[PDB]
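**Q** Quick one: structure below, then a few questions.
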Amino acid sequence: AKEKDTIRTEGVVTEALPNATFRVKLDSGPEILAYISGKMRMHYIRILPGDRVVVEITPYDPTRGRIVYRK
Amino acid sequence: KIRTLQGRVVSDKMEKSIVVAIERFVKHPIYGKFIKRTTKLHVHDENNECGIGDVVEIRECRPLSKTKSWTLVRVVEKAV
Amino acid sequence: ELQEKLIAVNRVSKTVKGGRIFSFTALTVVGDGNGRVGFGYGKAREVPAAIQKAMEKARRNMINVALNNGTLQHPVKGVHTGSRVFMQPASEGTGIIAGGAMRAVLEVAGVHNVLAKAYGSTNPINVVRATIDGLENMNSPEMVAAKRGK
Amino acid sequence: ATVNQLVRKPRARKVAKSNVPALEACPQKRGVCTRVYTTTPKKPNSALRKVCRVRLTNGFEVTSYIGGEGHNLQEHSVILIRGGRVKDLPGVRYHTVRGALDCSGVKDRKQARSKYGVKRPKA
Amino acid sequence: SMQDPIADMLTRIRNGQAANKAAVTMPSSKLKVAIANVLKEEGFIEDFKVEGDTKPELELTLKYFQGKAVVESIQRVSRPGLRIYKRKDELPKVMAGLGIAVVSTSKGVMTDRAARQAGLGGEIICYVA
Amino acid sequence: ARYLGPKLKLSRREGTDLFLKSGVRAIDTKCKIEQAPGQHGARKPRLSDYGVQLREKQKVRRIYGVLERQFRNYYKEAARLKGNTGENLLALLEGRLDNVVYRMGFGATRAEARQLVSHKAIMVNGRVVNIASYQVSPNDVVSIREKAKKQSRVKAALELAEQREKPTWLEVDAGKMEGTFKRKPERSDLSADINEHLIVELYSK
Amino acid sequence: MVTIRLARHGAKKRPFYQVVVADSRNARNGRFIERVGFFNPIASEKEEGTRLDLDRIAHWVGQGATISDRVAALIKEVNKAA
RNA sequence: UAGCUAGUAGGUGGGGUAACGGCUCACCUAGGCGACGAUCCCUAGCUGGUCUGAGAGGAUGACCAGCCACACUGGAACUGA
RNA sequence: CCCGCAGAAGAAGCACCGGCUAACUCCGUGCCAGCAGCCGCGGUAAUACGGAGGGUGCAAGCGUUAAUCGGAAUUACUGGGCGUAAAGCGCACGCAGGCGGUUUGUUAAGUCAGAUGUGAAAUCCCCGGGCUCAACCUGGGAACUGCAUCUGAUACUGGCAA
């Protein structure tokens, strides 16, 4: 069963790539590739650069974020 | 009695030398067609008296030189 | 009374202005175990209604099939649409060795041992009727004696 | 086809290529690996799934799925590599064997221990 | 040009039986008569007849069980491009014996049943269903 | 080898008794027949065409107490023989040594019969025979030897043996702890429970 | 040269010999001219167990073949009568 | 992979081998093989068999047994049946 | 291999349970974690994930993976197709090759019949025998679908003649 070792922290969205993929600069961390979460796709929500989002990061691969929280 | 085959010359002629193509019939095992097989043999002769295109009886003997291990015996209707 | 059973049920949509609407299509086979083979294909808004309407149609459309010991008179082939069905009698012992859909239609006729295999399409609706055509044409020594010789 | 034509040129079977270049009539191979990513699948599903670039001992660079819950694997580590495609990810045709060579088993797993490399709990 | 008059004769039979005609004509020869004699022996056709001199013309009277044809089908099994020979052991049986084949043996034109009783084989021609 | 588990669960799963316990009394109270074992067995099964074949394989196998690999060997021998395969199958199973001991009634149960042949009580034609799978011949006398003679094990069995309907292919004897196997079982002699084409059908695919 | 000799094809710890005519150079299990009998030393209480066609063995002796010491003993055992 | 072959193809004579032989030499003639796939390349020890398959077929040649080839790499001869 | 002693004593695990496919509920996690052979499951009531209970299969093995054949009539001789779905050369004349109306004679090549030799043994198959039975071992027979030579048959095809 799932363990709670994933970390969530904020960042500004720098640039929107294809495929609902975003270049987000964290506050402490580097700029990481973040995909949007399922929930935003489910409730038909799209987002835009220059905005500040909570981004879940895994210790296994620190180059892949996950945009958890809303615009 | 000796065993023997019958074939036809269809070949050039050289000093004491003649070649004999022997046509035969074999069933082709995959598809069952009856297909004409061609067995070419170098042959020793009685002072090259045979023509070209006629039908010659033939039989086995000692090697008289490379691949020439057959010798002719009788010819039906020589040349044309 | 006769032996009845069903092969399969399949759901089908009409698809109309107000949206989808779902019928149910059944396929049924009956037989007396002494030939007298019959089949019925029926449909209904709900499931237990569909199999009853199929079994009602199964009473008529009834065809007489030759049978000896517990098997077919001779090797027969039959075709309907894309579905090619071959079979052979395989007299005594043996049991039934036969395809899906084929097994139900084959058994109610009253064979107890038999070899059969489905080539081509194996779609149930065309596997049926290919079978009935193969069973219907089938000859017998009595049938040949009627039209010629000994 | 016409029977004279089939005598002339016969029928020819398909090549029937394998799914794994690992091949060589081998179920298992070895490799030294380099990098462990967590890449997204194809859009019908979502997750971040654990994948590793295995340099095989026969000189082939290939990619391989990591099953089970977390792992110790990183950098230069010698793992065992079996077959099996994962279709939801791009081009992964292999799986690492958990509980072998340098790989940890899955700690605190209880069912299906034939996979995941876990000796039976005793109390 | 046609390359087998025997498959033509068998084709004229199954077309005639399907169309429900009585008399079927073709140019005569020996093996055409000898096959038609095997058909009348086993019982499938009503009668053969030949009429002519410069061009002899075989006239085959077909036969009907009811409104149904006596012959179920008939197919050319050995064919000009591909010859089939059956040995004494290997002689086939058409539809569990209910049908017959036509076989040309050293002792003439027989059925498979007659060729098993005769004890010799040869070129099978066609399967009479 | 052997099932080793709870006997009644197999009868309750199959839905007809397999006679595995059944010594002192054919008790209804313990069996709970047709109610199925476990939590969710109350519901109607609505079984498949594959499942009715697979169930009948287990139903026959669990009577004689065989495992699939040994049972497969009997099917291979029954197939190569001329005549019906299902009948030649049931003939080889009935021809087992542990089975004949149950038929003669020397043992109470098929498991106790297998225990007695394993424990070297049983002798056939004056050979002792360890192996349960052993194929009995026509014209075979069978008997208990002196060490196992007149113990509490055989003595209780011979009492409850009298209740049975009594086989038609063997001579019972048993006034002096022996028996004689006269001739082969045939389809009429053996029970009507088995569907014989059906069990053979499953191995065809 | 030709020798009459016993070759062992039987199972481990149960020898079943095949008396056989073969050349001396060939291995025991190897290449041979013909079989002529069998010899089971382990045997059973049944009558059969030593068998040898004497018209064959006397033929090969006539062609000059020599006899291995066990086969020589088994011939002088079975004789016309044992 | 469509043209390939000078001892190449054939004859006579000499020499050689246990013995037939362009086997090897001298001389003479101009052929030989080739789409029923020559030549070249890649790949491969072969078979009685094994495995699968309703059969036809397909795949395969561990073990057992028959035969050939090889014995650090490359080449040669002696002794001897 | 046989006898004796002691005492239930020393000896059961493994996969799977959404459909295909035999076998179900609850709890935890919440499109995350992860499962997945195939179609697919999971975004707050998961019979598909993780855990537990119950169940099913098989057994000193069980499962996964790799490798081969089968299913696959999916290279289709037996046993497939080519109007529109993959598939008839843009069209024509033609050599090599395939195939051939009808009558008689002849030959006996193909073909068909019989016999002899050969088709190693082991294997395979059948009927028997011996190891506690079986595996395994082994007696005899059949098999070894083949090929060569000889003697016959002449319907059909081929050769040859009119």
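Readers should treat all values here as calculations from the given coordinates under stated rules, not as data from a laboratory. Note that we place each Cβ from the backbone using ideal geometry, even for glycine, and neighbour counts take in every protein chain shown.
**Q** Pick out which of C:69, C:113, C:126 has the largest mean-square fluctuation in a Gaussian network model of chain C, springs linking Cα atoms closer than 10 Å.
**A** Looking only at C:69, C:113, C:126, the biggest GNM fluctuation is shown by C:69.
**Q** What is the percent of Cα-Cα separations in chain D that go past 21 Å?
**A** Tail fraction, whole percent: 50.
**Q** Separate question: Cut-off 10 angstrom, C-alpha nodes, Gaussian network model of chain B. Which of B:15, B:23, B:60 fluctuates the most?
**A** Top of the fluctuation ranking is B:15.
**Q** Further, regarding this structure: Please say if segment F:94-181 is rounded, prolate or oblate, where rounded means a/c under 1.5 for a ≥ b ≥ c the square roots of the C-alpha gyration tensor eigenvalues, and otherwise the choice is prolate for a/b larger than b/c and oblate otherwise?
**A** Note, shape of segment F:94-181 comes out rounded.
**Q** Applying the Karplus parametrisation 6.51 cos²θ - 1.76 cosθ + 1.60 with θ = phi - 60° to the phi angles of segment F:197-205, what ³J(HN,Hα) value in whole Hz is obtained for each residue in order, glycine and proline being reported as x?
**A** 5, 6, 4, 5, 3, 4, 7, 5, 6
**Q** In addition: Using alpha-carbon positions, what is the distance between the centroids of segment A:28-71 and segment F:33-55, in Å?
**A** A separation of 51 Å, based on Cα centres.
**Q** Compute a Gaussian network model of chain F, connecting alpha carbons closer than 10 Å, and tell me which residue from F:39, F:115, F:151 fluctuates the most.
**A** Largest GNM mean-square fluctuation: F:39.
**Q** Roughly speaking, what is the centre-to-centre gap between segment B:23-80 and segment D:59-81 when only Cα atoms are used, to the nearest Å?
**A** 70 Å
**Q** Over the Cα atoms of segment G:1-81, what radius of gyration and what Dmax do you get, in Å?
**A** In Å, with Rg to one decimal and Dmax whole: 12.5, 37.
**Q** Quick query: amide H of residue G:67 versus all other amide H atoms, modeled in the peptide plane; which residues come in under 5 Å with a sequence gap of 5 or more or a different chain?
**A** Amide H neighbours of residue G:67: G:4.
**Q** Right, here's the next one. Can you pick out the pairs among A:39/D:87; C:17/D:87; B:33/E:68 whose Cα atoms lie more than 31 Å from each other?
**A** On the way: A:39/D:87 24 Å; C:17/D:87 38 Å; B:33/E:68 38 Å.
Table pairs above 31 Å Cα-Cα are C:17/D:87; B:33/E:68.
**Q** Kindly provide the helix-only [θ] at 222 nm of chain E, computed as the sum of -39,500 (n - 2.57) over DSSP H runs of four or more divided by all residues, to the nearest 500 deg cm²/dmol?
**A** Helix-only estimate at 222 nm: -8500 deg cm²/dmol.
**Q** Same structure, new question: Taking every Cα atom in chain F, find the radius of gyration and the maximum pairwise distance Dmax, and write them in Å.
**A** 17.8, 54
**Q** While we're here: For an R0 of 56 angstrom, estimate the FRET efficiency from the Cβ-Cβ distance between residue F:189 and residue D:9 and round to the nearest 0.05.
**A** Taking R0 as 56 Å, the efficiency between residue F:189 and residue D:9 is 0.35.
**Q** Tabulate in residue order the Karplus-calculated ³J(HN,Hα) for segment F:36-45, using 6.51 cos²θ - 1.76 cosθ + 1.60 with θ = phi - 60°, rounded to whole Hz; enter x for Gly and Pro.
**A** Once θ is set to phi - 60°, the couplings for segment F:36-45 become 6, x, x, 4, 10, x, 4, 4, 4, x Hz.
**Q** Quick one: order D:64, B:11, D:114 by neighbouring beta-carbon count within 10 Å, fewest to most.
**A** Neighbour counts put them in this order, fewest first: D:114, B:11, D:64.
**Q** Then there is this: Sorted by average packing, counted as other Cβ atoms within 10 angstrom per residue and highest first, what order do A:40-50, G:70-80 take? Intermediate values should be presented prior to the final figure.
**A** Numbers: A:40-50: 10.7, G:70-80: 13.4.
Going by the mean number of other Cβ atoms within 10 Å, highest first, we get G:70-80, A:40-50.
**Q** With runs of 4+ DSSP H residues as the only contributors, calculate the mean residue ellipticity of chain F at 222 nm using -39,500 (n - 2.57) per run, divided by the residue total and rounded to the nearest 500.
**A** Details: 9 runs with 86 residues, N = 205.
Helix contribution divided over all residues of chain F: -12000 deg cm²/dmol.
**Q** Okay, moving on. Given labels modelled 7 Å from the Cα in the Cβ direction, how far is it in nm from residue E:59 to residue C:77?
**A** 3.6 nm
**Q** Which value in nm describes the separation of the simple spin-label points at residue E:73 and residue B:65, placed 7 Å from the Cα toward the beta carbon?
**A** Label at residue E:73, label at residue B:65, 6.4 nm between them.
**Q** Can you list the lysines whose alpha carbon is less than 21 Å from that of residue A:25, not counting same-chain residues fewer than 8 positions off?
**A** Once the sequence-local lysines are set aside, what remains near residue A:25 is A:71.
**Q** While we're looking at this one, here's another question. Put one equal scatterer on each alpha carbon of chain A, apply the Debye formula with no solvent term, and list log10 I(q)/I(0) at q = 0.13, 0.17, 0.23 1/Å to two decimals.
**A** Summing over Cα pairs of chain A leads to -0.33, -0.56, -0.99.
**Q** Follow-up question, since we're still on this one. Percent of Cα-Cα pairs per 5 Å bin, from 0 to the last occupied bin, for segment E:1-71, please list those.
**A** 4, 16, 29, 26, 16, 6, 2, 0
**Q** What's the magnitude of the charge dipole for chain E around its Cα centre, counting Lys and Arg as +1 and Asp and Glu as -1 at the beta-carbon? Answer in Debye, nearest 20.
**A** Dipole size: approximately 340 debye.
**Q** Figure the gain on full extension for residue D:1 and residue D:53 (residue separation times 0.36 nm, minus the Cα-Cα span) and round it to one decimal in nm.
**A** Full extension from residue D:1 to residue D:53 adds 13.8 nm.
**Q** How would B:61, D:52 line up from fewest to most surrounding beta-carbon atoms within 10 angstrom?
**A** Starting with the residue having the fewest Cβ neighbours, the order is B:61, D:52.
**Q** Which log10 I(q)/I(0) values does chain E give at q = 0.11, 0.12, 0.18 Å⁻¹ under the Debye formula, counting every alpha carbon as one identical point scatterer?
**A** Rounded to two decimals, the profile gives -0.38, -0.45, -1.01.
**Q** Nearest 10 degrees, 0 to 90: what angle lies between the long axis of helix C:47-57 and the longest principal axis of chain C (Cα atoms)?
**A** 40 degrees
**Q** Considering the Cα trace of segment E:72-129, what is its radius of gyration and what is Dmax, both in angstroms?
**A** Computed over the Cα atoms of segment E:72-129, radius of gyration and Dmax are 10.5, 30 Å.
**Q** Next question. Gap in Å between the Cα centre of segment E:61-82 and the Cα centre of segment C:65-114?
**A** If we compute the Cα centre of each part, the gap is 25 Å.
**Q** Within chain B, which is the longest segment containing none of the trypsin sites (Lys or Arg not before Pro) that sit in a DSSP loop and have at most 10 other Cβ atoms within 10 Å?
**A** Between exposed loop sites, the widest span is B:4-65.
**Q** Quick check: from the Cα gyration tensor, does the protein assembly as shown come out rounded (a/c under 1.5), prolate or oblate?
**A** Judged from the Cα gyration tensor, the protein assembly as shown comes out rounded (a/c under 1.5).
**Q** If R₀ is 45 angstrom, what is the calculated FRET efficiency for the pair residue E:11 and residue C:57, using the beta carbon separation as r and rounding to 0.05?
**A** Working: r = 41 Å, r/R0 = 0.90.
With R0 = 45 Å, the Cβ-Cβ based efficiency is 0.65.
**Q** Then there is this: Loop only by DSSP, 14 or fewer other Cβ within 10 Å of the Cβ. Give me the trypsin sites (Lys or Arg not before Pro) in segment F:12-113 that pass, ordered by residue number.
**A** F:25, F:32, F:43, F:46, F:82
**Q** Multiplying the sequence separation of residue D:19 and residue D:45 by 0.36 nm and subtracting their Cα-Cα distance, what value in nm do you get?
**A** Gain on extension, residue D:19 to residue D:45, equals 7.0 nm.
**Q** Considering the zone a paramagnetic label at residue B:54 would reach in this model (a point 7 Å from Cα along the Cα-to-Cβ line), which residues of segment B:1-45 have amide N under 19 Å from it?
**A** Answer for this model: B:5-23, B:41-45.
**Q** Given bins 5 angstrom wide, list per bin the percent of all Cα-Cα distances in chain C, short to long.
**A** Percent of Cα pairs in each bin: 2, 10, 17, 20, 18, 13, 9, 5, 3, 2, 1, 1, 0, 0.
**Q** Show me, for segment E:44-58, the HN-Hα J-couplings you get by feeding each phi into the Karplus relation (A = 6.51, B = -1.76, C = 1.60, θ = phi - 60°), rounded to Hz, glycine and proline as x.
**A** Result, ordered by residue: 4, 9, 7, 6, 9, 7, 9, 9, x, 8, 5, 10, x, 10, 6 Hz.
**Q** With charges set only on the Cβ (+1 for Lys and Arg, -1 for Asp and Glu), what does the dipole of segment F:101-152 come to about its Cα centre, in debye to the nearest 20?
**A** 140 debye
**Q** Could you tell me which of rounded, prolate or oblate describes segment D:1-55, using a ≥ b ≥ c as the square roots of the eigenvalues of the alpha-carbon gyration tensor, with rounded for a/c under 1.5 and, failing that, prolate when a/b is larger than b/c and oblate otherwise?
**A** Oblate is the answer for segment D:1-55, as a/c is 1.5 or above yet b/c matches or exceeds a/b.
**Q** Show that you can apply the helix-only estimate: for chain D, add -39,500 (n - 2.57) for every DSSP H stretch of four or more residues, divide by all residues, and state [θ] at 222 nm to the nearest 500.
**A** The helix contribution divided over chain D gives -1000 deg cm²/dmol.
**Q** How high is the FRET efficiency between residue C:68 and residue C:14 when r is their beta carbon distance and R₀ equals 51 Å, given to the nearest 0.05?
**A** 0.65
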